[PDB]
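For reference, final00.pdb is printed below; it contains PDB, C-alpha atoms and all ligand atoms.
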ATOM      1  CA  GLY A 344      -6.050  14.949 -13.665
ATOM      2  CA  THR A 345      -2.879  13.204 -12.516
ATOM      3  CA  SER A 346      -0.651  16.074 -11.335
ATOM      4  CA  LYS A 347      -1.442  16.024  -7.611
ATOM      5  CA  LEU A 348      -1.058  12.235  -7.684
ATOM      6  CA  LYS A 349       2.363  12.595  -9.299
ATOM      7  CA  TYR A 350       3.308  15.153  -6.649
ATOM      8  CA  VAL A 351       2.352  12.789  -3.815
ATOM      9  CA  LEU A 352       4.362   9.987  -5.465
ATOM     10  CA  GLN A 353       7.466  12.113  -6.054
ATOM     11  CA  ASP A 354      10.419  10.429  -4.332
ATOM     12  CA  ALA A 355       8.007   8.045  -2.602
ATOM     13  CA  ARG A 356       8.751   4.520  -1.487
ATOM     14  CA  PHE A 357       6.338   1.726  -2.407
ATOM     15  CA  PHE A 358       5.529  -1.622  -0.795
ATOM     16  CA  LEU A 359       3.449  -4.553  -1.988
ATOM     17  CA  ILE A 360       1.055  -5.353   0.861
ATOM     18  CA  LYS A 361      -0.962  -8.566   0.838
ATOM     19  CA  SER A 362      -4.229  -9.232   2.618
ATOM     20  CA  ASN A 363      -5.545 -12.603   3.714
ATOM     21  CA  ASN A 364      -9.066 -11.617   2.652
ATOM     22  CA  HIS A 365     -11.235  -8.897   1.177
ATOM     23  CA  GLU A 366     -12.754  -8.125   4.591
ATOM     24  CA  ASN A 367      -9.540  -6.625   5.938
ATOM     25  CA  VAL A 368      -9.093  -4.430   2.857
ATOM     26  CA  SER A 369     -12.700  -3.292   3.320
ATOM     27  CA  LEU A 370     -11.975  -2.482   6.976
ATOM     28  CA  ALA A 371      -8.801  -0.625   5.981
ATOM     29  CA  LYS A 372     -10.688   1.359   3.331
ATOM     30  CA  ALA A 373     -13.408   2.325   5.824
ATOM     31  CA  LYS A 374     -11.190   3.094   8.831
ATOM     32  CA  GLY A 375      -7.898   4.287   7.308
ATOM     33  CA  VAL A 376      -5.755   1.749   9.194
ATOM     34  CA  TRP A 377      -3.539  -1.241   8.503
ATOM     35  CA  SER A 378      -1.641  -3.739  10.620
ATOM     36  CA  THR A 379       1.103  -6.172   9.687
ATOM     37  CA  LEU A 380       3.344  -8.758  11.258
ATOM     38  CA  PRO A 381       6.341  -7.351  13.184
ATOM     39  CA  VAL A 382       8.844  -8.028  10.370
ATOM     40  CA  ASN A 383       7.047  -5.718   7.944
ATOM     41  CA  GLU A 384       6.127  -3.275  10.709
ATOM     42  CA  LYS A 385       9.842  -2.641  11.253
ATOM     43  CA  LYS A 386      10.468  -2.128   7.526
ATOM     44  CA  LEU A 387       7.549   0.278   7.152
ATOM     45  CA  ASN A 388       8.488   2.294  10.239
ATOM     46  CA  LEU A 389      12.016   2.718   8.875
ATOM     47  CA  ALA A 390      10.606   3.760   5.501
ATOM     48  CA  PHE A 391       8.118   6.198   7.044
ATOM     49  CA  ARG A 392      10.980   8.159   8.622
ATOM     50  CA  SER A 393      13.066   7.963   5.441
ATOM     51  CA  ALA A 394      10.818   9.298   2.708
ATOM     52  CA  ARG A 395       8.338  12.009   1.847
ATOM     53  CA  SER A 396       5.632   9.401   1.144
ATOM     54  CA  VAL A 397       5.353   5.669   1.803
ATOM     55  CA  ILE A 398       2.784   4.004  -0.453
ATOM     56  CA  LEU A 399       1.155   0.658   0.302
ATOM     57  CA  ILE A 400      -0.225  -1.104  -2.787
ATOM     58  CA  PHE A 401      -2.734  -3.725  -1.670
ATOM     59  CA  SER A 402      -3.470  -7.147  -3.154
ATOM     60  CA  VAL A 403      -5.832  -9.728  -1.684
ATOM     61  CA  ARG A 404      -4.141 -13.123  -1.934
ATOM     62  CA  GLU A 405      -5.377 -15.236  -4.879
ATOM     63  CA  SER A 406      -7.570 -12.397  -6.182
ATOM     64  CA  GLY A 407      -5.521 -11.652  -9.305
ATOM     65  CA  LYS A 408      -5.858  -7.908  -8.682
ATOM     66  CA  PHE A 409      -4.661  -4.952  -6.678
ATOM     67  CA  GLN A 410      -7.455  -3.327  -4.659
ATOM     68  CA  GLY A 411      -5.975   0.175  -4.391
ATOM     69  CA  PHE A 412      -3.198   2.091  -2.717
ATOM     70  CA  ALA A 413      -2.734   4.363   0.281
ATOM     71  CA  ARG A 414      -0.098   6.559   1.911
ATOM     72  CA  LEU A 415       1.146   6.002   5.460
ATOM     73  CA  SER A 416       0.260   8.967   7.649
ATOM     74  CA  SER A 417       1.882   7.545  10.800
ATOM     75  CA  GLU A 418       4.334   5.052  12.173
ATOM     76  CA  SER A 419       2.796   2.043  13.881
ATOM     77  CA  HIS A 420       1.210   2.556  17.299
ATOM     78  CA  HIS A 421      -0.337   0.189  19.840
ATOM     79  CA  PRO A 425      -8.913  -2.807  18.966
ATOM     80  CA  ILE A 426      -9.592  -3.177  15.238
ATOM     81  CA  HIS A 427     -11.893  -6.117  14.512
ATOM     82  CA  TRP A 428      -9.675  -7.659  11.855
ATOM     83  CA  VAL A 429     -10.690 -11.011  10.395
ATOM     84  CA  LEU A 430      -7.456 -12.905  11.069
ATOM     85  CA  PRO A 431      -6.337 -16.268   9.668
ATOM     86  CA  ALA A 432      -7.146 -19.354  11.716
ATOM     87  CA  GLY A 433      -4.770 -19.793  14.642
ATOM     88  CA  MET A 434      -3.503 -16.194  14.582
ATOM     89  CA  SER A 435      -4.114 -14.125  17.703
ATOM     90  CA  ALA A 436      -4.374 -10.348  17.673
ATOM     91  CA  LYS A 437      -1.260 -10.437  19.885
ATOM     92  CA  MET A 438       0.868 -11.609  16.929
ATOM     93  CA  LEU A 439       0.278  -8.342  15.059
ATOM     94  CA  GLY A 440       2.486  -5.305  15.200
ATOM     95  CA  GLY A 441       0.958  -1.908  15.846
ATOM     96  CA  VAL A 442      -1.561  -0.040  13.732
ATOM     97  CA  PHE A 443      -0.551   2.272  10.895
ATOM     98  CA  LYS A 444      -2.813   5.129   9.931
ATOM     99  CA  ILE A 445      -3.208   5.457   6.153
ATOM    100  CA  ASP A 446      -4.844   7.905   3.749
ATOM    101  CA  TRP A 447      -6.317   6.232   0.702
ATOM    102  CA  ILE A 448      -5.121   7.550  -2.643
ATOM    103  CA  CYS A 449      -7.106   5.166  -4.835
ATOM    104  CA  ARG A 450      -9.816   2.714  -3.791
ATOM    105  CA  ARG A 451     -10.270   1.345  -7.327
ATOM    106  CA  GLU A 452      -8.945  -2.033  -8.406
ATOM    107  CA  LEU A 453      -6.399  -2.918 -11.092
ATOM    108  CA  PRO A 454      -6.164  -6.475 -12.478
ATOM    109  CA  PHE A 455      -2.710  -8.045 -12.676
ATOM    110  CA  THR A 456      -3.223  -8.446 -16.436
ATOM    111  CA  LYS A 457      -2.884  -4.665 -16.738
ATOM    112  CA  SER A 458       0.526  -4.501 -14.994
ATOM    113  CA  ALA A 459       2.173  -7.268 -17.050
ATOM    114  CA  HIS A 460       4.575  -4.766 -18.655
ATOM    115  CA  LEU A 461       6.044  -3.577 -15.318
ATOM    116  CA  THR A 462       8.952  -5.317 -13.589
ATOM    117  CA  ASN A 463      10.319  -4.707 -10.108
ATOM    118  CA  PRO A 464      14.134  -4.406  -9.899
ATOM    119  CA  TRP A 465      13.989  -5.241  -6.184
ATOM    120  CA  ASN A 466      12.489  -8.651  -6.981
ATOM    121  CA  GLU A 467      14.802  -9.800  -9.811
ATOM    122  CA  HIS A 468      12.819  -7.769 -12.383
ATOM    123  CA  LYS A 469       9.910 -10.180 -12.034
ATOM    124  CA  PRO A 470       6.465  -8.777 -12.930
ATOM    125  CA  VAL A 471       5.459  -6.324 -10.210
ATOM    126  CA  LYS A 472       2.486  -8.486  -9.186
ATOM    127  CA  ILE A 473       5.017 -11.064  -7.927
ATOM    128  CA  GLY A 474       6.438 -10.608  -4.454
ATOM    129  CA  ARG A 475       6.162 -11.596  -0.829
ATOM    130  CA  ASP A 476       4.059  -9.509   1.522
ATOM    131  CA  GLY A 477       6.130  -6.403   2.240
ATOM    132  CA  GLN A 478       8.245  -6.546  -0.934
ATOM    133  CA  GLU A 479       9.536  -3.066  -1.737
ATOM    134  CA  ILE A 480       8.818  -1.811  -5.254
ATOM    135  CA  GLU A 481      11.475   0.426  -6.799
ATOM    136  CA  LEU A 482      10.490   4.077  -7.418
ATOM    137  CA  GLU A 483       9.946   4.037 -11.183
ATOM    138  CA  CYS A 484       8.062   0.736 -11.247
ATOM    139  CA  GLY A 485       5.950   1.807  -8.265
ATOM    140  CA  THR A 486       5.096   5.173  -9.821
ATOM    141  CA  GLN A 487       4.078   3.571 -13.118
ATOM    142  CA  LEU A 488       2.003   0.964 -11.292
ATOM    143  CA  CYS A 489       0.125   3.591  -9.315
ATOM    144  CA  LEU A 490      -0.505   5.631 -12.490
ATOM    145  CA  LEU A 491      -2.118   2.588 -14.131
ATOM    146  CA  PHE A 492      -4.987   2.507 -11.622
ATOM    147  CA  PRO A 493      -8.264   4.074 -12.760
ATOM    148  CA  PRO A 494      -8.520   7.620 -11.395
ATOM    149  CA  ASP A 495     -10.493   7.747  -8.133
ATOM    150  CA  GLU A 496     -12.471  10.961  -8.499
ATOM    151  CA  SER A 497     -13.905  10.552  -4.994
ATOM    152  CA  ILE A 498     -10.514  11.420  -3.449
ATOM    153  CA  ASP A 499      -9.068  14.929  -3.059
ATOM    154  CA  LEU A 500      -5.294  14.813  -2.589
ATOM    155  CA  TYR A 501      -5.176  18.407  -1.265
ATOM    156  CA  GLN A 502      -5.216  17.251   2.365
ATOM    157  CA  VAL A 503      -2.626  14.502   1.768
ATOM    158  CA  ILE A 504      -0.218  17.000   0.203
ATOM    159  CA  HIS A 505      -0.397  19.100   3.370
ATOM    160  CA  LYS A 506       0.752  16.104   5.447
ATOM    161  CA  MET A 507       4.039  15.822   3.534
TER
HETATM  162  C1  LIG B 601      -5.039  -6.573   8.899
HETATM  163  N1  LIG B 601      -3.959  -7.505   8.678
HETATM  164  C2  LIG B 601      -4.257  -8.289   7.495
HETATM  165  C3  LIG B 601      -2.935  -8.550   6.794
HETATM  166  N2  LIG B 601      -1.903  -7.548   6.926
HETATM  167  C4  LIG B 601      -0.594  -7.729   6.274
HETATM  168  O1  LIG B 601       0.235  -6.892   6.358
HETATM  169  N3  LIG B 601      -0.339  -8.976   5.524
HETATM  170  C5  LIG B 601      -1.358 -10.003   5.405
HETATM  171  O2  LIG B 601      -1.132 -10.992   4.796
HETATM  172  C6  LIG B 601      -2.685  -9.809   6.051
HETATM  173  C7  LIG B 601      -3.765  -8.335   9.862
HETATM  174  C8  LIG B 601      -2.761  -9.445   9.564
HETATM  175  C9  LIG B 601      -1.373  -9.341   9.600
HETATM  176  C10 LIG B 601      -0.866 -10.575   9.234
HETATM  177  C11 LIG B 601      -1.940 -11.406   8.970
HETATM  178  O3  LIG B 601      -3.062 -10.695   9.176
END

Represent the supplied structure as structure tokens.
Amino acid sequence: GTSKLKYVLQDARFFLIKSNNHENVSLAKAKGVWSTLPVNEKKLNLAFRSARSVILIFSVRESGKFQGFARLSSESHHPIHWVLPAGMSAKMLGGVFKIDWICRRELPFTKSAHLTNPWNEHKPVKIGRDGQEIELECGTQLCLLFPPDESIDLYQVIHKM
């Protein structure tokens, strides 16, 4: 069903999070961690303190899809063997966020064409810079479009709220 998912998403905040490659999403799915540049680290830390749930909705650049979504379980803290873009040192990253995956299934952008994000000029929700916040209603509807991930039990996530 969808009821525990809706409970986790109640009054949540949502952020569009890009990845440079599939490898880092794979690492994040296996290890329950994410790292960003300092600009988005600051935004996510502020949001983590502000809301019952902060949801990261992941999209590998140029893939045409979202690869799933996860809930922050921590603020950032300061080695994960990320596959970084050429010329980027691990020292340019902010800290590491712990995350609990809510859905590891993908959703193609074609399926979210009817959703617009008020915080990005009501452009289709797939459109946004890395770190773009997605307004509550749009973010909730987007998350509900993903195929159910029956491998995940949200019982333990609810207890972290
Ligand atoms: C794991 N992490 C991958 C990404 N995390 C993000 O938050 N945005 C991205 O584009 C890619 C490291 C990183 C931060 C910036 C570039 O590589």

*Matched chain/residue IDs from the PyMOL selection byres (((chain A and resi 373) around 12) and not hetatm), as a ChimeraX atom specification*: /A:366-372,374-377,426,444-447,450

Rows by chain and residue number, chain A within 9 Å of ligand LIG 601 (chain B), shortest pair, all atoms listed in the file, as a Markdown table:
| residue | atom | partner | partner_atom | distance |
| --- | --- | --- | --- | --- |
| A:360 | CA | B:LIG601 | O1 | 5.8 |
| A:361 | CA | B:LIG601 | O2 | 4.6 |
| A:362 | CA | B:LIG601 | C6 | 3.8 |
| A:363 | CA | B:LIG601 | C6 | 4.6 |
| A:364 | CA | B:LIG601 | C6 | 7.5 |
| A:366 | CA | B:LIG601 | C1 | 9.0 |
| A:367 | CA | B:LIG601 | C1 | 5.4 |
| A:368 | CA | B:LIG601 | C1 | 7.6 |
| A:370 | CA | B:LIG601 | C1 | 8.3 |
| A:371 | CA | B:LIG601 | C1 | 7.6 |
| A:376 | CA | B:LIG601 | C1 | 8.4 |
| A:377 | CA | B:LIG601 | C1 | 5.6 |
| A:378 | CA | B:LIG601 | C1 | 4.7 |
| A:379 | CA | B:LIG601 | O1 | 3.5 |
| A:380 | CA | B:LIG601 | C10 | 5.0 |
| A:381 | CA | B:LIG601 | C9 | 8.7 |
| A:383 | CA | B:LIG601 | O1 | 7.1 |
| A:384 | CA | B:LIG601 | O1 | 8.2 |
| A:403 | CA | B:LIG601 | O2 | 8.1 |
| A:404 | CA | B:LIG601 | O2 | 7.7 |
| A:426 | CA | B:LIG601 | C1 | 8.5 |
| A:427 | CA | B:LIG601 | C1 | 8.9 |
| A:428 | CA | B:LIG601 | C1 | 5.6 |
| A:429 | CA | B:LIG601 | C1 | 7.3 |
| A:430 | CA | B:LIG601 | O3 | 5.3 |
| A:431 | CA | B:LIG601 | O3 | 6.5 |
| A:434 | CA | B:LIG601 | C11 | 7.5 |
| A:436 | CA | B:LIG601 | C7 | 8.1 |
| A:438 | CA | B:LIG601 | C10 | 8.0 |
| A:439 | CA | B:LIG601 | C9 | 5.8 |
| A:440 | CA | B:LIG601 | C9 | 7.9 |
| A:442 | CA | B:LIG601 | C1 | 8.8 |
| A:476 | CA | B:LIG601 | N3 | 6.0 |
| A:477 | CA | B:LIG601 | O1 | 7.2 |

_Using the chain letters and numbers from this file, what does the PyMOL selection byres (((chain A and resi 479) around 8) and not hetatm) select? Give the answer as a ChimeraX atom specification._
/A:356-359,465,477-478,480-481

Got a sec: who's within 10 Å of residue A:470, counting all atoms listed in the file, leaving out chain neighbours fewer than 5 positions off, as an mmCIF file with C-alpha atoms, in the coordinates of the input?
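Once written, out12.cif looks like this:
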data_model
loop_
_atom_site.group_PDB
_atom_site.id
_atom_site.type_symbol
_atom_site.label_atom_id
_atom_site.label_comp_id
_atom_site.auth_asym_id
_atom_site.auth_seq_id
_atom_site.Cartn_x
_atom_site.Cartn_y
_atom_site.Cartn_z
ATOM 1 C CA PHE A 455 -2.710 -8.045 -12.676
ATOM 2 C CA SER A 458 0.526 -4.501 -14.994
ATOM 3 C CA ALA A 459 2.173 -7.268 -17.050
ATOM 4 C CA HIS A 460 4.575 -4.766 -18.655
ATOM 5 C CA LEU A 461 6.044 -3.577 -15.318
ATOM 6 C CA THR A 462 8.952 -5.317 -13.589
ATOM 7 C CA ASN A 463 10.319 -4.707 -10.108
ATOM 8 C CA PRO A 464 14.134 -4.406 -9.899
ATOM 9 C CA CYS A 484 8.062 0.736 -11.247
#

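Residue nearest residue A:387, chosen from A:402, A:416, A:456, A:497 and counting only C-alpha atoms: A:416.
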
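Atom pair atom CA of residue A:395 / atom CA of residue A:457: separated by 27.4 Å.
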
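Taking all atoms listed in the file into account, residue A:502 lies nearest to A:414 out of the set A:451, A:345, A:414, A:353.
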
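Among the candidate residues A:435, A:391, A:417, A:453, the one lying nearest to residue A:495 is A:453, with distances computed using all atoms listed in the file.
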
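Taken over the whole file, the PyMOL selection byres (((chain A and resi 410-412) around 6) and not hetatm) covers exactly residues 399, 400, 401, 402, 409, 413, 448, 449, 450, 451 and 452 of chain A.
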
*atom CA of residue A:347 to atom CA of residue A:393: how many Å, to one decimal?*
21.1 Å

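Proximity to residue A:488 was assessed for A:432, A:471, A:382, A:503 counting only C-alpha atoms; the smallest distance is recorded for A:471.
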
_Atomic separation - atom CA of residue A:443 relative to atom CA of residue A:418, Å_ = 5.8 Å

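Using all atoms listed in the file, the smallest distance between any of A:421, A:408, A:469, A:505 and residue A:492 comes from A:408.
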